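Note: the block below is coords09.cif and it holds mmCIF, N, CA and C atoms and all ligand atoms.
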data_final
loop_
_atom_site.label_atom_id
_atom_site.label_comp_id
_atom_site.auth_asym_id
_atom_site.auth_seq_id
_atom_site.Cartn_x
_atom_site.Cartn_y
_atom_site.Cartn_z
N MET A 1 -16.12 -12.59 5.46
CA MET A 1 -16.89 -11.38 5.19
C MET A 1 -15.95 -10.18 5.13
N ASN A 2 -16.33 -9.16 4.35
CA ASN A 2 -15.44 -8.04 4.09
C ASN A 2 -15.87 -6.82 4.88
N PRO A 3 -14.93 -6.15 5.55
CA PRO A 3 -15.22 -4.84 6.14
C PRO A 3 -15.20 -3.78 5.06
N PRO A 4 -15.69 -2.58 5.34
CA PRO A 4 -15.54 -1.50 4.38
C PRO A 4 -14.07 -1.23 4.15
N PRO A 5 -13.69 -0.84 2.94
CA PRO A 5 -12.27 -0.59 2.66
C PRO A 5 -11.81 0.68 3.36
N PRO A 6 -10.50 0.88 3.50
CA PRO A 6 -10.01 2.10 4.14
C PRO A 6 -10.49 3.34 3.41
N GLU A 7 -10.74 4.41 4.17
CA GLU A 7 -11.23 5.64 3.57
C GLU A 7 -10.18 6.23 2.64
N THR A 8 -10.64 6.88 1.58
CA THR A 8 -9.77 7.61 0.67
C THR A 8 -10.09 9.10 0.65
N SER A 9 -11.09 9.53 1.41
CA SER A 9 -11.40 10.94 1.60
C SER A 9 -11.86 11.10 3.04
N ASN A 10 -11.71 12.31 3.56
CA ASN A 10 -12.14 12.59 4.92
C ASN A 10 -12.17 14.10 5.02
N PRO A 11 -13.35 14.72 4.95
CA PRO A 11 -13.40 16.19 4.80
C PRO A 11 -12.79 16.95 5.96
N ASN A 12 -12.85 16.43 7.18
CA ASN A 12 -12.26 17.15 8.31
C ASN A 12 -10.76 16.92 8.46
N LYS A 13 -10.17 15.98 7.72
CA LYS A 13 -8.73 15.78 7.79
C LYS A 13 -8.04 16.81 6.91
N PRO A 14 -7.01 17.50 7.40
CA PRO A 14 -6.33 18.49 6.55
C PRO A 14 -5.53 17.81 5.45
N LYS A 15 -5.58 18.40 4.25
CA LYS A 15 -4.94 17.90 3.05
C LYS A 15 -3.64 18.66 2.81
N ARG A 16 -2.76 18.06 2.01
CA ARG A 16 -1.53 18.74 1.67
C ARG A 16 -0.97 18.13 0.40
N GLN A 17 -0.30 18.96 -0.39
CA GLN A 17 0.46 18.52 -1.54
C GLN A 17 1.90 18.99 -1.36
N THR A 18 2.84 18.07 -1.50
CA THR A 18 4.27 18.35 -1.40
C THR A 18 4.97 17.71 -2.59
N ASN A 19 6.19 18.19 -2.87
CA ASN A 19 7.00 17.57 -3.91
C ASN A 19 7.20 16.09 -3.64
N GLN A 20 7.42 15.72 -2.37
CA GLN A 20 7.64 14.32 -2.03
C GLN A 20 6.39 13.47 -2.26
N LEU A 21 5.21 14.00 -1.91
CA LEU A 21 3.99 13.23 -2.16
C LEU A 21 3.71 13.11 -3.65
N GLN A 22 4.01 14.15 -4.43
CA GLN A 22 3.85 14.04 -5.88
C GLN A 22 4.77 12.96 -6.43
N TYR A 23 6.00 12.90 -5.93
CA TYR A 23 6.95 11.87 -6.31
C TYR A 23 6.45 10.48 -5.91
N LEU A 24 5.88 10.36 -4.71
CA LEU A 24 5.37 9.06 -4.28
C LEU A 24 4.30 8.54 -5.23
N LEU A 25 3.50 9.42 -5.83
CA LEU A 25 2.52 8.96 -6.81
C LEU A 25 3.16 8.73 -8.18
N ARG A 26 3.84 9.75 -8.72
CA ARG A 26 4.28 9.71 -10.12
C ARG A 26 5.32 8.63 -10.36
N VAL A 27 6.24 8.44 -9.43
CA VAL A 27 7.34 7.51 -9.63
C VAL A 27 7.22 6.27 -8.75
N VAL A 28 7.05 6.44 -7.44
CA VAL A 28 7.12 5.27 -6.56
C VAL A 28 5.94 4.34 -6.81
N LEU A 29 4.72 4.84 -6.60
CA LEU A 29 3.54 3.99 -6.75
C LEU A 29 3.38 3.52 -8.19
N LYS A 30 3.47 4.44 -9.15
CA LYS A 30 3.20 4.08 -10.53
C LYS A 30 4.25 3.15 -11.11
N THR A 31 5.48 3.16 -10.58
CA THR A 31 6.46 2.17 -11.02
C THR A 31 6.21 0.81 -10.36
N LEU A 32 5.98 0.79 -9.04
CA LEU A 32 5.69 -0.47 -8.35
C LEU A 32 4.48 -1.16 -8.96
N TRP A 33 3.49 -0.36 -9.37
CA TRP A 33 2.23 -0.88 -9.89
C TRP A 33 2.45 -1.80 -11.09
N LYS A 34 3.51 -1.55 -11.86
CA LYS A 34 3.80 -2.27 -13.08
C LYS A 34 4.62 -3.53 -12.86
N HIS A 35 5.14 -3.75 -11.66
CA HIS A 35 5.97 -4.91 -11.39
C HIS A 35 5.16 -6.20 -11.54
N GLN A 36 5.84 -7.28 -11.93
CA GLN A 36 5.15 -8.55 -12.14
C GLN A 36 4.54 -9.11 -10.86
N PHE A 37 4.97 -8.63 -9.69
CA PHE A 37 4.44 -9.08 -8.42
C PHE A 37 3.44 -8.10 -7.80
N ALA A 38 3.05 -7.05 -8.53
CA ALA A 38 2.20 -6.01 -7.94
C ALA A 38 0.74 -6.43 -7.81
N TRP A 39 0.28 -7.35 -8.67
CA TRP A 39 -1.15 -7.63 -8.79
C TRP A 39 -1.87 -7.98 -7.49
N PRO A 40 -1.31 -8.74 -6.54
CA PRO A 40 -2.07 -9.01 -5.31
C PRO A 40 -2.33 -7.76 -4.48
N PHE A 41 -1.59 -6.68 -4.73
CA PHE A 41 -1.57 -5.52 -3.86
C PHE A 41 -2.25 -4.31 -4.47
N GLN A 42 -2.93 -4.48 -5.60
CA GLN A 42 -3.54 -3.36 -6.31
C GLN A 42 -4.96 -3.05 -5.86
N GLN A 43 -5.50 -3.80 -4.90
CA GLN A 43 -6.86 -3.60 -4.43
C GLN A 43 -6.97 -4.20 -3.04
N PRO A 44 -7.96 -3.77 -2.25
CA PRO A 44 -8.18 -4.40 -0.94
C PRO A 44 -8.36 -5.90 -1.09
N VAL A 45 -7.86 -6.65 -0.10
CA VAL A 45 -8.08 -8.09 -0.07
C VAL A 45 -9.58 -8.36 0.02
N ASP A 46 -10.09 -9.13 -0.94
CA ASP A 46 -11.49 -9.56 -0.94
C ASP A 46 -11.52 -10.97 -0.34
N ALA A 47 -11.87 -11.05 0.94
CA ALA A 47 -11.79 -12.31 1.67
C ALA A 47 -12.83 -13.31 1.20
N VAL A 48 -13.96 -12.84 0.67
CA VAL A 48 -14.96 -13.74 0.13
C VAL A 48 -14.49 -14.33 -1.20
N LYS A 49 -14.02 -13.47 -2.10
CA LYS A 49 -13.52 -13.92 -3.39
C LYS A 49 -12.35 -14.89 -3.23
N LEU A 50 -11.37 -14.52 -2.41
CA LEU A 50 -10.15 -15.30 -2.24
C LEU A 50 -10.28 -16.46 -1.26
N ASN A 51 -11.42 -16.60 -0.60
CA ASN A 51 -11.65 -17.72 0.32
C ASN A 51 -10.69 -17.68 1.50
N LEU A 52 -10.51 -16.47 2.05
CA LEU A 52 -9.68 -16.23 3.22
C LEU A 52 -10.58 -15.68 4.32
N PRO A 53 -11.47 -16.52 4.86
CA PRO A 53 -12.44 -16.03 5.85
C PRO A 53 -11.80 -15.50 7.11
N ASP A 54 -10.53 -15.82 7.36
CA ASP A 54 -9.84 -15.34 8.55
C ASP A 54 -8.99 -14.10 8.29
N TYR A 55 -8.98 -13.57 7.06
CA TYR A 55 -8.05 -12.49 6.75
C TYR A 55 -8.25 -11.30 7.67
N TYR A 56 -9.49 -10.83 7.79
CA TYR A 56 -9.78 -9.67 8.62
C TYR A 56 -9.99 -10.03 10.08
N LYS A 57 -10.01 -11.32 10.41
CA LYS A 57 -9.91 -11.72 11.81
C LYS A 57 -8.49 -11.56 12.32
N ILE A 58 -7.52 -11.62 11.41
CA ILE A 58 -6.11 -11.45 11.74
C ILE A 58 -5.63 -10.02 11.49
N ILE A 59 -5.98 -9.45 10.34
CA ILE A 59 -5.45 -8.15 9.91
C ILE A 59 -6.46 -7.06 10.28
N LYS A 60 -6.07 -6.20 11.22
CA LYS A 60 -6.94 -5.14 11.73
C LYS A 60 -6.65 -3.77 11.13
N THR A 61 -5.55 -3.61 10.41
CA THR A 61 -5.24 -2.36 9.71
C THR A 61 -4.95 -2.67 8.25
N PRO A 62 -5.97 -3.01 7.47
CA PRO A 62 -5.74 -3.38 6.07
C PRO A 62 -5.21 -2.19 5.27
N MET A 63 -4.41 -2.50 4.26
CA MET A 63 -3.93 -1.46 3.36
C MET A 63 -3.48 -2.12 2.06
N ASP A 64 -3.64 -1.38 0.96
CA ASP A 64 -3.28 -1.86 -0.37
C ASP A 64 -2.92 -0.67 -1.25
N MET A 65 -2.26 -0.96 -2.38
CA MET A 65 -1.80 0.12 -3.26
C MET A 65 -2.94 0.82 -3.98
N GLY A 66 -4.08 0.16 -4.19
CA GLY A 66 -5.21 0.87 -4.77
C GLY A 66 -5.70 1.97 -3.86
N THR A 67 -5.83 1.67 -2.57
CA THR A 67 -6.17 2.69 -1.58
C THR A 67 -5.12 3.79 -1.54
N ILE A 68 -3.84 3.40 -1.52
CA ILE A 68 -2.78 4.40 -1.48
C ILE A 68 -2.85 5.32 -2.69
N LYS A 69 -3.04 4.73 -3.88
CA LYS A 69 -3.14 5.53 -5.10
C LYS A 69 -4.26 6.55 -4.99
N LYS A 70 -5.44 6.12 -4.51
CA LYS A 70 -6.57 7.04 -4.40
C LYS A 70 -6.31 8.13 -3.36
N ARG A 71 -5.65 7.78 -2.25
CA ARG A 71 -5.29 8.78 -1.26
C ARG A 71 -4.33 9.83 -1.83
N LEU A 72 -3.32 9.39 -2.59
CA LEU A 72 -2.42 10.34 -3.23
C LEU A 72 -3.17 11.23 -4.22
N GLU A 73 -4.04 10.63 -5.04
CA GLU A 73 -4.77 11.41 -6.03
C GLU A 73 -5.69 12.44 -5.38
N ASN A 74 -6.19 12.15 -4.19
CA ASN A 74 -7.11 13.03 -3.47
C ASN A 74 -6.41 13.98 -2.52
N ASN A 75 -5.07 13.98 -2.49
CA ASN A 75 -4.29 14.80 -1.55
C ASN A 75 -4.68 14.51 -0.10
N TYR A 76 -4.97 13.24 0.17
CA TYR A 76 -5.46 12.80 1.47
C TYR A 76 -4.39 12.94 2.55
N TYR A 77 -3.12 12.79 2.19
CA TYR A 77 -2.03 12.76 3.16
C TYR A 77 -1.54 14.15 3.51
N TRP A 78 -1.02 14.28 4.74
CA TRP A 78 -0.33 15.50 5.14
C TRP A 78 1.11 15.52 4.64
N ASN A 79 1.80 14.38 4.68
CA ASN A 79 3.20 14.36 4.27
C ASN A 79 3.57 12.99 3.73
N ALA A 80 4.79 12.92 3.19
CA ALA A 80 5.27 11.69 2.57
C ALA A 80 5.38 10.56 3.59
N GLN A 81 5.79 10.89 4.82
CA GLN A 81 5.93 9.87 5.86
C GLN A 81 4.60 9.16 6.12
N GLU A 82 3.49 9.89 6.08
CA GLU A 82 2.18 9.28 6.26
C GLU A 82 1.89 8.26 5.17
N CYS A 83 2.26 8.58 3.93
CA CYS A 83 2.06 7.65 2.82
C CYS A 83 2.99 6.44 2.93
N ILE A 84 4.27 6.68 3.26
CA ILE A 84 5.23 5.60 3.45
C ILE A 84 4.74 4.62 4.52
N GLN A 85 4.12 5.14 5.58
CA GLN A 85 3.58 4.26 6.62
C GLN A 85 2.51 3.33 6.06
N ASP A 86 1.69 3.82 5.13
CA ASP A 86 0.69 2.95 4.51
C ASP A 86 1.35 1.84 3.70
N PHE A 87 2.40 2.15 2.93
CA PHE A 87 3.12 1.08 2.23
C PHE A 87 3.64 0.05 3.22
N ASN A 88 4.25 0.52 4.31
CA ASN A 88 4.83 -0.40 5.29
C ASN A 88 3.76 -1.25 5.96
N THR A 89 2.59 -0.67 6.22
CA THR A 89 1.47 -1.45 6.74
C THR A 89 1.06 -2.53 5.74
N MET A 90 1.00 -2.19 4.46
CA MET A 90 0.65 -3.17 3.44
C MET A 90 1.62 -4.35 3.44
N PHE A 91 2.93 -4.08 3.47
CA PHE A 91 3.91 -5.16 3.44
C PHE A 91 3.83 -6.00 4.71
N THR A 92 3.76 -5.35 5.87
CA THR A 92 3.74 -6.10 7.12
C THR A 92 2.46 -6.91 7.28
N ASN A 93 1.32 -6.42 6.77
CA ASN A 93 0.10 -7.22 6.76
C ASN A 93 0.33 -8.55 6.06
N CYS A 94 1.03 -8.52 4.93
CA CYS A 94 1.30 -9.75 4.19
C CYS A 94 2.16 -10.70 5.02
N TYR A 95 3.20 -10.18 5.67
CA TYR A 95 4.05 -11.04 6.50
C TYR A 95 3.29 -11.59 7.70
N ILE A 96 2.36 -10.81 8.25
CA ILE A 96 1.62 -11.23 9.43
C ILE A 96 0.59 -12.30 9.08
N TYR A 97 -0.16 -12.10 7.98
CA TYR A 97 -1.22 -13.04 7.64
C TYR A 97 -0.68 -14.38 7.16
N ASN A 98 0.56 -14.40 6.66
CA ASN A 98 1.12 -15.59 6.04
C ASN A 98 2.28 -16.12 6.87
N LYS A 99 3.32 -16.63 6.21
CA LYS A 99 4.48 -17.22 6.88
C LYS A 99 5.66 -17.16 5.91
N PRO A 100 6.90 -17.23 6.41
CA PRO A 100 8.05 -17.16 5.51
C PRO A 100 7.99 -18.24 4.45
N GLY A 101 8.38 -17.87 3.23
CA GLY A 101 8.47 -18.81 2.13
C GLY A 101 7.25 -18.91 1.24
N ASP A 102 6.10 -18.37 1.66
CA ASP A 102 4.91 -18.42 0.83
C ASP A 102 5.10 -17.56 -0.41
N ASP A 103 4.47 -17.98 -1.51
CA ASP A 103 4.59 -17.23 -2.76
C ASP A 103 4.21 -15.76 -2.59
N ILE A 104 3.12 -15.49 -1.86
CA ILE A 104 2.69 -14.11 -1.68
C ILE A 104 3.73 -13.32 -0.88
N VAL A 105 4.37 -13.97 0.08
CA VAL A 105 5.40 -13.31 0.88
C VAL A 105 6.63 -13.02 0.03
N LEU A 106 7.03 -13.97 -0.82
CA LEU A 106 8.13 -13.71 -1.75
C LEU A 106 7.82 -12.50 -2.63
N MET A 107 6.57 -12.36 -3.06
CA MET A 107 6.18 -11.19 -3.84
C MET A 107 6.32 -9.91 -3.03
N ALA A 108 5.79 -9.90 -1.80
CA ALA A 108 5.89 -8.72 -0.96
C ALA A 108 7.35 -8.35 -0.67
N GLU A 109 8.19 -9.36 -0.40
CA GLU A 109 9.60 -9.09 -0.11
C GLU A 109 10.27 -8.37 -1.27
N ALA A 110 10.01 -8.83 -2.50
CA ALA A 110 10.59 -8.20 -3.68
C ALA A 110 10.06 -6.78 -3.87
N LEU A 111 8.76 -6.58 -3.65
CA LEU A 111 8.20 -5.24 -3.79
C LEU A 111 8.72 -4.29 -2.72
N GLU A 112 8.88 -4.79 -1.49
CA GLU A 112 9.41 -3.93 -0.43
C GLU A 112 10.83 -3.47 -0.75
N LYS A 113 11.67 -4.37 -1.28
CA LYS A 113 13.02 -3.96 -1.67
C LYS A 113 12.99 -2.87 -2.73
N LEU A 114 12.14 -3.03 -3.76
CA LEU A 114 12.05 -2.01 -4.79
C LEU A 114 11.52 -0.70 -4.22
N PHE A 115 10.55 -0.80 -3.32
CA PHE A 115 9.99 0.38 -2.66
C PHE A 115 11.07 1.13 -1.89
N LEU A 116 11.85 0.42 -1.07
CA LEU A 116 12.91 1.07 -0.32
C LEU A 116 13.95 1.69 -1.24
N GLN A 117 14.29 0.99 -2.32
CA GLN A 117 15.20 1.54 -3.31
C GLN A 117 14.70 2.89 -3.82
N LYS A 118 13.40 3.01 -4.07
CA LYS A 118 12.87 4.23 -4.66
C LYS A 118 12.67 5.36 -3.65
N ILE A 119 12.41 5.04 -2.38
CA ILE A 119 12.26 6.09 -1.37
C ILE A 119 13.57 6.45 -0.69
N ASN A 120 14.66 5.74 -1.01
CA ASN A 120 15.96 6.05 -0.43
C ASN A 120 16.31 7.52 -0.60
N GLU A 121 16.06 8.07 -1.79
CA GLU A 121 16.26 9.49 -2.05
C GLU A 121 14.95 10.06 -2.58
N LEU A 122 14.44 11.07 -1.90
CA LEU A 122 13.24 11.78 -2.30
C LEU A 122 13.60 13.20 -2.73
N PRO A 123 12.74 13.86 -3.51
CA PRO A 123 12.99 15.27 -3.84
C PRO A 123 12.98 16.13 -2.59
N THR A 124 13.54 17.32 -2.73
CA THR A 124 13.53 18.31 -1.67
C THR A 124 12.36 19.26 -1.85
N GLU A 125 11.90 19.84 -0.75
CA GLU A 125 10.80 20.80 -0.79
C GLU A 125 11.32 22.21 -1.04
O1 LIG B 201 -1.80 -11.76 2.09
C1 LIG B 201 -2.33 -12.46 1.19
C2 LIG B 201 -2.44 -13.86 1.29
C3 LIG B 201 -3.04 -14.60 0.26
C4 LIG B 201 -3.20 -16.08 0.30
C5 LIG B 201 -3.96 -16.65 -0.72
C6 LIG B 201 -4.19 -18.03 -0.78
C7 LIG B 201 -3.65 -18.85 0.19
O2 LIG B 201 -3.85 -20.20 0.15
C8 LIG B 201 -2.84 -18.24 1.28
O3 LIG B 201 -2.30 -19.03 2.25
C9 LIG B 201 -2.64 -16.86 1.30
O4 LIG B 201 -3.53 -14.02 -0.88
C10 LIG B 201 -3.46 -12.67 -1.06
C11 LIG B 201 -3.99 -12.05 -2.29
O5 LIG B 201 -4.56 -12.79 -3.27
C12 LIG B 201 -3.89 -10.59 -2.41
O6 LIG B 201 -4.38 -10.02 -3.54
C13 LIG B 201 -3.29 -9.84 -1.39
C14 LIG B 201 -2.79 -10.43 -0.23
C15 LIG B 201 -2.85 -11.81 -0.03
#
As structure tokens, what does this structure read like?
Ligand SMILES: O=c1cc(-c2ccc(O)c(O)c2)oc2c(O)c(O)ccc12
Amino acid sequence: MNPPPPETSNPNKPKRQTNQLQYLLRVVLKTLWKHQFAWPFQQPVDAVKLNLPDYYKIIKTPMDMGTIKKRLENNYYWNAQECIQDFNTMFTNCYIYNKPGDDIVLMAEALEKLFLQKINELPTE
């Protein structure tokens, strides 16, 4: 069964736009999105569709790039570090739910390397 997906708006949470957050959307997310391994990570895990009834029994902080994209578009984040933490949660969820050597883990490992490559240098404010 599926829990509600992570929020992408929250009226009482303070919003912010920075050069780094704009970069995280325009270059980091939108480039990763096009990678041949991006497809599993473009939407919340649908445990009913994918037949993973234990996914949310194991993963208590779900995250995916579709949620991240919507948060960036909505200026949901205060700073770039908050957004980077969501990417890191997404990758670690994959490693936690699975095991070394699985096809999905190989995909996450490749995407994490590309992600780190792109966040190594960010614009200045
Ligand atoms: O973490 C994941 C794990 C799996 C997965 C699927 C079938 C299996 O037999 C298995 O052992 C693991 O599938 C995913 C997926 O399809 C996504 O879109 C995003 C994340 C995952």
> To one decimal place, how far is atom C of residue 108 in chain A from CA of residue 47 in chain A in Å?
Replying inline: 19.7 Å
> Any idea what's packed within 8 Å of residue 68 in chain A, counting all atoms listed in the file, ignoring anything in its chain fewer than 2 positions away? Could you give it as a VMD selection string?
Replying inline: chain A and resid 8 25 29 42 63 to 66 70 to 74 83 86 to 87
Please produce an output containing N, CA and C atoms for each residue in the selection, written as a PDB file, keeping the file's coordinate frame.
ATOM      1  N   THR A   8     -10.640   6.880   1.580  1.00  0.00           N
ATOM      2  CA  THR A   8      -9.770   7.610   0.670  1.00  0.00           C
ATOM      3  C   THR A   8     -10.090   9.100   0.650  1.00  0.00           C
ATOM      4  N   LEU A  25       3.500   9.420  -5.830  1.00  0.00           N
ATOM      5  CA  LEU A  25       2.520   8.960  -6.810  1.00  0.00           C
ATOM      6  C   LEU A  25       3.160   8.730  -8.180  1.00  0.00           C
ATOM      7  N   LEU A  29       4.720   4.840  -6.600  1.00  0.00           N
ATOM      8  CA  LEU A  29       3.540   3.990  -6.750  1.00  0.00           C
ATOM      9  C   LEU A  29       3.380   3.520  -8.190  1.00  0.00           C
ATOM     10  N   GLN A  42      -2.930  -4.480  -5.600  1.00  0.00           N
ATOM     11  CA  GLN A  42      -3.540  -3.360  -6.310  1.00  0.00           C
ATOM     12  C   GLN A  42      -4.960  -3.050  -5.860  1.00  0.00           C
ATOM     13  N   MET A  63      -4.410  -2.500   4.260  1.00  0.00           N
ATOM     14  CA  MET A  63      -3.930  -1.460   3.360  1.00  0.00           C
ATOM     15  C   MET A  63      -3.480  -2.120   2.060  1.00  0.00           C
ATOM     16  N   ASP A  64      -3.640  -1.380   0.960  1.00  0.00           N
ATOM     17  CA  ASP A  64      -3.280  -1.860  -0.370  1.00  0.00           C
ATOM     18  C   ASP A  64      -2.920  -0.670  -1.250  1.00  0.00           C
ATOM     19  N   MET A  65      -2.260  -0.960  -2.380  1.00  0.00           N
ATOM     20  CA  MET A  65      -1.800   0.120  -3.260  1.00  0.00           C
ATOM     21  C   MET A  65      -2.940   0.820  -3.980  1.00  0.00           C
ATOM     22  N   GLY A  66      -4.080   0.160  -4.190  1.00  0.00           N
ATOM     23  CA  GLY A  66      -5.210   0.870  -4.770  1.00  0.00           C
ATOM     24  C   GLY A  66      -5.700   1.970  -3.860  1.00  0.00           C
ATOM     25  N   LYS A  70      -5.440   6.120  -4.510  1.00  0.00           N
ATOM     26  CA  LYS A  70      -6.570   7.040  -4.400  1.00  0.00           C
ATOM     27  C   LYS A  70      -6.310   8.130  -3.360  1.00  0.00           C
ATOM     28  N   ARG A  71      -5.650   7.780  -2.250  1.00  0.00           N
ATOM     29  CA  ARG A  71      -5.290   8.780  -1.260  1.00  0.00           C
ATOM     30  C   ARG A  71      -4.330   9.830  -1.830  1.00  0.00           C
ATOM     31  N   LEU A  72      -3.320   9.390  -2.590  1.00  0.00           N
ATOM     32  CA  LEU A  72      -2.420  10.340  -3.230  1.00  0.00           C
ATOM     33  C   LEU A  72      -3.170  11.230  -4.220  1.00  0.00           C
ATOM     34  N   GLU A  73      -4.040  10.630  -5.040  1.00  0.00           N
ATOM     35  CA  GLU A  73      -4.770  11.410  -6.030  1.00  0.00           C
ATOM     36  C   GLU A  73      -5.690  12.440  -5.380  1.00  0.00           C
ATOM     37  N   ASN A  74      -6.190  12.150  -4.190  1.00  0.00           N
ATOM     38  CA  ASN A  74      -7.110  13.030  -3.470  1.00  0.00           C
ATOM     39  C   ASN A  74      -6.410  13.980  -2.520  1.00  0.00           C
ATOM     40  N   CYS A  83       2.260   8.580   3.930  1.00  0.00           N
ATOM     41  CA  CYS A  83       2.060   7.650   2.820  1.00  0.00           C
ATOM     42  C   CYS A  83       2.990   6.440   2.930  1.00  0.00           C
ATOM     43  N   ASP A  86       1.690   3.820   5.130  1.00  0.00           N
ATOM     44  CA  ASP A  86       0.690   2.950   4.510  1.00  0.00           C
ATOM     45  C   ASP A  86       1.350   1.840   3.700  1.00  0.00           C
ATOM     46  N   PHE A  87       2.400   2.150   2.930  1.00  0.00           N
ATOM     47  CA  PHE A  87       3.120   1.080   2.230  1.00  0.00           C
ATOM     48  C   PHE A  87       3.640   0.050   3.220  1.00  0.00           C
TER      49      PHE A  87
END
> Hey, which residues come within 9 Å of ligand LIG 201 (chain B) if we count only C-alpha atoms and all ligand atoms? Could you give them as a list in words?
Replying inline: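 The distance check yields residues 38, 39, 40, 41, 42, 43, 44, 45, 46, 47, 50, 51, 52, 55, 64, 90, 91, 93, 94, 95, 96, 97, 98, 99, 102, 103, 104, 105 and 108 of chain A.
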> Of the candidates A:1, A:37, A:24, A:67, which shows the shortest atom-to-atom distance to residue 49 in chain A, using only N, CA and C atoms?
Replying inline: A:1
> Quick one: distance from atom N of residue 21 in chain A to CA of residue 80 in chain A in Å, one decimal?
Replying inline: 5.0 Å
> Counting only C-alpha atoms, what is within 9 Å of residue 28 in chain A, bar same-chain residues fewer than 6 positions away, as an MDAnalysis selection string?
Replying inline: chainID A and resid 114:115 118:119
